[PDB]
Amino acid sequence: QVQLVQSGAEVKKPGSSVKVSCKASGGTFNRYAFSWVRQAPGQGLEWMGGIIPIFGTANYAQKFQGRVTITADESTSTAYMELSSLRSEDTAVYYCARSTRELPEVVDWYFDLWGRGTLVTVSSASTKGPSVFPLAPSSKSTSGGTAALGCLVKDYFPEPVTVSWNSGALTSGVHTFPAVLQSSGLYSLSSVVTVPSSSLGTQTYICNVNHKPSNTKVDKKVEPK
């Protein structure tokens, strides 16, 4: 039913401003309370502020006061967060969360519905599209009767990259590893899946690599050599 959809990941040069959206699809929007909770990489949750759109006035955390501006557009059921004077520390994932009660009742600010998150990366570097290479199975990837195969998503910036297999039809036995920062400043990631060796030459395995900040959509067929 009701879901909160956030804008795509962005990269912003330090000192600029970023605006992230949050659309509520399928329920009331005006009488709820929408907050923005920030989570720096490896760190905890941090409340930035919130707003009840019907009153239009937002309440911020004292830490972000003056740099964050939280608004809402009641005609489109969308809540916005704008963070100005971006710094290195502002690199984090920005979630939008909705209160459990509506305005006619008593609105206590504990959140029942959440957004999938928007990662904002703050650096002077510019976006680079990844290269997607296949990890072909062979007799050297057959330590058991089951063979492993995957694709390597290498040399991309910034985060993140989404990797699915067979357009989401294949999910069992799939391992998509967290990105690793390489010797250069660029990220790399690999996604592997284990399948029976009999089906190596007769079945299809497609990598569905999407890189939001660079508009890079790659489909690669992992075929044995």
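Quick note: we count residues from 1 along the sequence shown, nothing fancier.
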{"query": "197 to 205 versus 20 to 28 - greater average Cα B-factor per the deposited record", "finding": "197 to 205"}
{"query": "Given 110 to 118 and 75 to 83, the range whose Cα B-factors average higher in the PDB entry", "finding": "75 to 83"}
{"query": "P178, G56, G173, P41, ranked by C-alpha B-factor: the highest one", "finding": "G173"}
{"query": "CA B-factor ranking of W47, expressed as a third of its chain", "finding": "middle"}
{"query": "Third of the chain, ranked by Cα B-factor, where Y156 sits", "finding": "middle"}
{"query": "CA B-factor ranking of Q1, expressed as a third of its chain", "finding": "highest"}
{"query": "B-factor third for the C-alpha atom of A125 within its chain", "finding": "lowest"}
{"query": "Relative C-alpha B-factor of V93, binned into the chain's lowest, middle or highest third", "finding": "lowest"}
